[PDB]
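Notes follow the structure.
Chain naming here is simple, since letters A, B, ... match the order of the sequence lines and numbering starts at 1 in each. No hydrogens, no waters, no symmetry mates; every other heavy atom, side chains included, goes into these values.
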Amino acid sequence: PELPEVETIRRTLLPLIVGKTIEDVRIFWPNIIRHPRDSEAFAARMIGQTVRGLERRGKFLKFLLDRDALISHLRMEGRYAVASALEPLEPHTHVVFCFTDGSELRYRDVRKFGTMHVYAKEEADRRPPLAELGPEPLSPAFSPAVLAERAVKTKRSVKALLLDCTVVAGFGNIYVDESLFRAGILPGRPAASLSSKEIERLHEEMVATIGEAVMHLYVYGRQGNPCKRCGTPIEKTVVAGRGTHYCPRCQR
DNA sequence: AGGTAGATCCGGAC
DNA sequence: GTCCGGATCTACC
Ligand SMILES: [Zn+2]
């Protein structure tokens, strides 16, 4: 899921688990657990804590418990659900948190790409995976100025810059391509080649694009179809190592 | 010193 | 087999 969906999960999941106390933690794919490295220590420390809140930073969900924070990333296909311990488990369930009330928070992920880190709360923001996370795209801390500073100092493409989690938090591939199209900027453009007028326009389109979503598509996945604004066929290439879509006529 | 590219994980799809 | 992907983490200057 992308940032908008993660924000929806955060909002909808909180009420389904707030106030429940963990009685057991079962792990069926140890590799999801990144800290503590030992999945048995991860399970043991969570036992007995009550869920007090659920926040989001970028695409990471931060579960707040009594003493610890559990930081989770669903990557492309992870998903959470709350259900009864009496019912059979859905396929690909790799981590289950069993609550004292007989309900469970289940983590499912066909690809097994997601990650979980648990740290004492006061420490989570200073450790991986949250440590060097950049500003939320919809916050005043993400400004044209901040984008300009980062763009000027690198030799990488504008796309590579926007995908960098230390530049802006959790702005995905789809939003990068749609934002560049709305701003009229080619994805393969060196970040340092953007003018301040372009940087400002890029910043505004990033905010409206992700803002509209959190609250169809022009180019993402529309390879070979006509551009919705000019009819020119949308092209797809590899930029910054990822599938990249753009209109050759409208983006410069 | 520290940017930055390359490697990495995993299992559907084509 | 091959491709693909977020955010590390490793290694090359
Ligand atoms: Zn166009």
- Item | Heavy-atom protein contacts under 4.0 Å, nucleotides 7-14 of chain B, coded B base, S sugar-phosphate only, - none | --BBBB--
- Value in whole Å for how far the P atom of C:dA7 lies from CE of A:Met116: 16 Å
- Message: Using a strict threshold of under 4.0 Å (side-chain N to carboxylate O), is an ion pair present between A:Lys59 and A:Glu2?
- Response: yes
- Message: Check this one for me: any side-chain N or O of A:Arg75 less than 4.0 Å away from OP1 or OP2 of C:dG5?
- Response: no
- Query: For A:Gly243, which contact category applies under a 4.0 Å heavy-atom criterion: base, sugar-phosphate, or nothing?
  - Reply: sugar-phosphate
- Query: Rounding to a whole Å, what distance do you find between A:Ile71:CD1 and C:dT8:P?
  - Reply: 12 Å
- Query: Are A:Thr237 and A:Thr244 linked by a side-chain donor-acceptor pair shorter than 3.5 Å?
  - Reply: no
- If we ignore angles and hydrogens, is there a donor and acceptor under 3.5 Å between the side chains of A:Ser72 and A:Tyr107? no
- Note: A:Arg45-A:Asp68 ion pair, threshold 4.0 Å (strictly below): yes
- Task: Could you check whether the rings of A:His35 and A:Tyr119 sit parallel, tilted or perpendicular, using 30° and 60° as the cut-offs?
- Result: parallel
- Item | Rounded interatomic separation in angstrom, taking CD from A:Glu132 and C1' from B:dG3 | 14 Å
- Message: Does B:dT4 have OP1 or OP2 under 4.0 Å away from a side-chain N or O of A:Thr154?
- Response: yes
- Item | Pairing of A:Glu178 and A:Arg182 as salt bridge, 4.0 angstrom limit | no
